Amino acid sequence: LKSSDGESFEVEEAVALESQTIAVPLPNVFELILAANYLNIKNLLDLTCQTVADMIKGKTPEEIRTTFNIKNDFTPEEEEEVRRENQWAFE
Amino acid sequence: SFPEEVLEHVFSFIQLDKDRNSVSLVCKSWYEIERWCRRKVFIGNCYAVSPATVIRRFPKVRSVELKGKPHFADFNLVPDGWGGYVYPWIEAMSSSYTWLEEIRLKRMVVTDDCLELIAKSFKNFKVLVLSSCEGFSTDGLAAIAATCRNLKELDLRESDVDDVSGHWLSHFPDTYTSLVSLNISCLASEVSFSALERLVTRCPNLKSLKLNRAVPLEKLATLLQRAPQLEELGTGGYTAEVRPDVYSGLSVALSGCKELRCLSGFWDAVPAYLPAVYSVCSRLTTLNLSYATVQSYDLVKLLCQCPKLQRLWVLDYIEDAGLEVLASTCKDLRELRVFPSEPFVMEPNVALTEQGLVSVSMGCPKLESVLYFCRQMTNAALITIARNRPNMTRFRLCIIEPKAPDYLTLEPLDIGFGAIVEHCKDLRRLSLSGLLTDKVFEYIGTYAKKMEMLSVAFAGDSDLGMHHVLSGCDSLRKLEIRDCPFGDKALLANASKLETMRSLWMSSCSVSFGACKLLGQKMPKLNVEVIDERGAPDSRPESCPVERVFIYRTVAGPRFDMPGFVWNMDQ
Ligand SMILES: O=P(O)(O)O[C@H]1[C@H](OP(=O)(O)O)[C@@H](OP(=O)(O)O)[C@H](OP(=O)(O)O)[C@@H](OP(=O)(O)O)[C@H]1OP(=O)(O)O
Ligand SMILES: O=C(O)Cc1c[nH]c2ccccc12
């Protein structure tokens, strides 16, 4: 297995077939998550994704976007309409 | 911060409604990914939103839950025909949610047409819960049994079914084996016993079986031998000639059910046959002895065997002496409901008082949910309960006589309930009774900051009492009130509070038609519904109190299926 920075890695068939992608140049290897996904390693992807989901659960919109560095692209009215529907109808 | 594939996968791990709603509001992108992978939708008020809105926002739903009539419908205070029709929901979904798996309805009107449409549109249909629904018959049950090849749950709890005939069950075909949970306890019509026995036998994943009274005690052992993997059993009838061979067949069959945790049914229960249930006792976590009119010592014999019990529903036949035993033996008890035998008799038929609830509060450190029907109460007993159980989350106390004061001091129960809301900081539900002035509500407004649900009957002096509640109760979602001297003033003074709540119900109070009109004018996002069976509210002076008013926020606007005795106040 060759990485994106020209480096070379010695693994066995067992370890290497855990990647459905591999199953060798890997020019694309939160960075972990991108790696699980690109290499199609199912458990690692589950494990990384559940970890990220935990960073979300129980948090408000503002904090979720605080932690992941996301900016609010809802106009005030849009955010009003969605929160109201969310709360009046779906909660 | 990831490709769309990754976020969707992150979201699969988020199934709570509230967390899903928070993610939908982090940005337009998350809004989009989350709409499309949302599996379940909970609609606590079916008139709060239209089917079309739900279906277009959340196109891939496999599970929906809907609730119709408000709670006071259980107390017969919502006239027939009011609404809660699920048909439009199922029609909209019929063409959109081809892959739908679960429908859970509570207090809706469900008709045989609904059931046939469900059966025929949803091939992967697995779960039908009809909780306190009405409008359908065993014919509609027949359509589900014949057609839903994948069905895993048919749960009919407390529904009113038109009991045309018990033949519907024999429409499950012989190829059908997927049943996990069957609750036919509300059905009066006798099912074919051999059809039932053949169904239990061919269904290896059956985990919950709740029978009707028409399955007699002598047939129970036969079914149990066919389902030794059962975790919940609701018995049929529990009466028979007292015979060794009958008692021992039952004993062996039940003790062959090693996974049994929950027992219910017990209609017509004879004390001689209760012991068959004893081998199961030590692992039981739920016991529902509500239909069993056996006496206190008999209940005590059973309850001594139940160290793991977490939930008890009993009749007041338990008495205080029984509750004292419960408090000793059942250290893991989380929930106690004690129902009245003879509620239409004012003098006590049983020795069940405040002291039974006091014992339980002292002895059961995990007790957090109470429904208790008794005839007398004191402020002293309520204060002791609140001090012992600061962990209480649901406290529902019904003193049979309206407006009964503390029986030792003759004072209102303001102070005792004040102590409950003061000491139980995570109290999310309260219902009140006994003599109560505006002062209790002042305590409630001041302390009950976590309370989500409040039921009130025959209580308070003036609008200041309702005002305290609307003004102070930060987490309020449902307020239901009957027969209280609460009128126009608190309702209009606190109008915008009502947009933070699921609903407000008031019946037999002093809310005038004029107030109702005004509130409808002021608050167009509210449906303000006058429910009055005396004819047009116009034919009486504006100042005249309406029979009932039901108020609820909605994004759908005035509803399309009001009957002749219901008026919406929107302009
Ligand atoms: O969360 P809500 O929509 O306010 O529903 C509540 C909640 O039931 P859910 O399990 O559907 O959340 C109560 O349950 P608990 O929190 O006490 O476990 C339940 O009370 P019961 O335990 O008596 O079933 C009550 O039902 P009800 O009002 O008939 O007593 C019901 O409120 P709804 O009346 O709005 O369904
Ligand atoms: O909560 C219950 O079911 C019992 C109860 C106690 N006080 C009440 C006032 C109004 C409606 C119901 C109740």
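Residue numbering restarts at 1 for every chain, and letters A, B, ... go by the order of the sequence lines. Scope of the values below: all heavy atoms of this structure, side chains included, with no hydrogens, waters or symmetry mates.
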Between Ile14(B) and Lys57(A) the two heavy atoms that sit nearest each other are CA-NZ, 4.0 Å
Roughly how far, to the nearest 0.5 Å, is SG of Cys27(B) from CZ of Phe68(A)? 11.0 Å
Intermediate values then yes/no, side chain to side chain contact (heavy atoms under 4.5 Å, CB included), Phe13(B) and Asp46(A): CA-CA 9 Å; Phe13(B) 295 109; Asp46(A) 289 340; 4.1 Å; yes
Which atoms of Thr554(B) come close to chain A, meaning under 4.5 Å heavy atom to heavy atom: side chain ones, backbone ones, both, or neither? backbone
Which atoms of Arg38(B) approach chain A - backbone, side chain, both or neither, heavy atom under 4.5 Å: side chain
Using a 6.0 Å cut-off, check whether atom CD of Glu499(B) has over 12 heavy atoms from anything other than its own residue. yes
Go through the side-chain N and O atoms of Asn21(B) and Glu91(A) and say whether any donor and acceptor fall under 3.5 Å apart. yes
Beyond-backbone contact of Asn86(A) with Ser22(B), side-chain heavy atoms, under 4.5 angstrom: no
Chain A contacts, top residue of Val26(B), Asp17(B), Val49(B) (heavy-atom pairs, under 4.5 Å): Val26(B)
If we define contacts as heavy-atom pairs under 4.5 Å, which of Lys525(B), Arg502(B), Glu65(B) has the most with chain A? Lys525(B)
Go through the atoms of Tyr31(B) and report whether side chain, backbone, both or neither lie under 4.5 Å from a heavy atom of chain A. side chain
What's the spacing between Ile70(A) CD1 and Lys28(B) NZ if we round to 0.5 Å? 14.5 Å
Can you tell me how far apart CG (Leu25(B)) and CZ (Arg65(A)) are? Round to the nearest 0.5 Å. 7.5 Å
Crowded around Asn43(A) CG? As in, over 12 foreign heavy atoms under 6.0 Å? yes
Is it true that atom NZ of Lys450(B) has more than 12 heavy atoms of other residues, nucleotides or ligands lying nearer than 6.0 Å? no
Within a radius of less than 6.0 Å around CD of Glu63(A), do more than 12 heavy atoms belonging to other residues, nucleotides or ligands occur? yes
Just wondering, are more than 12 heavy atoms of other shown residues or ligands nearer than 6.0 Å to CD in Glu12(A)? yes
Within a 6.0 Å radius of atom NZ on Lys18(B), are there more than 12 heavy atoms belonging to other residues, nucleotides or ligands? no
Determine the option with the most heavy-atom pairs under 4.5 angstrom with chain A, choosing from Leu16(B), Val54(B), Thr53(B). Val54(B)
Got a sec: does the CZ of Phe560(B) have more than 12 other heavy atoms crowding it under 6.0 Å? no
Taking atom CD as the centre, does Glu5(B) end up with more than 12 heavy-atom neighbours from other residues, nucleotides or ligands that are less than 6.0 angstrom away? no
Which bit of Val23(B) is near chain A, if near means a heavy-atom gap under 4.5 Å: side chain, backbone, both or neither? both
Roughly how far, to the nearest 0.5 Å, is OG of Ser29(B) from CG of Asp73(A)? 7.5 Å
Rounded distance (nearest 0.5 Å) linking atom CZ of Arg84(A) with atom CZ of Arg553(B): 10.5 Å
In this structure, NE2 of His9(B) is separated from OG1 of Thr48(A) (nearest 0.5 Å) by 7.0 Å
Verify side chain to side chain contact (heavy atoms under 4.5 Å, CB included) between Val6(B) and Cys49(A), making sure each step is shown before the conclusion. CA-CA 7 Å; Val6(B) 178; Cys49(A) 283; 4.1 Å; yes
If you count heavy-atom pairs under 4.5 Å with chain B, which of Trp88(A), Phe74(A), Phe30(A) comes out on top? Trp88(A)
From CA spacing to verdict: side chain to side chain contact (heavy atoms under 4.5 Å, CB included), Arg57(B), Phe90(A): CA-CA 11 Å; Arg57(B) 183 157 169 199; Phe90(A) 298 123; 3.9 Å; yes
Can you tell me which portion of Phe58(B) sits under 4.5 Å from chain A's heavy atoms? Options are side chain, backbone, both or neither. side chain
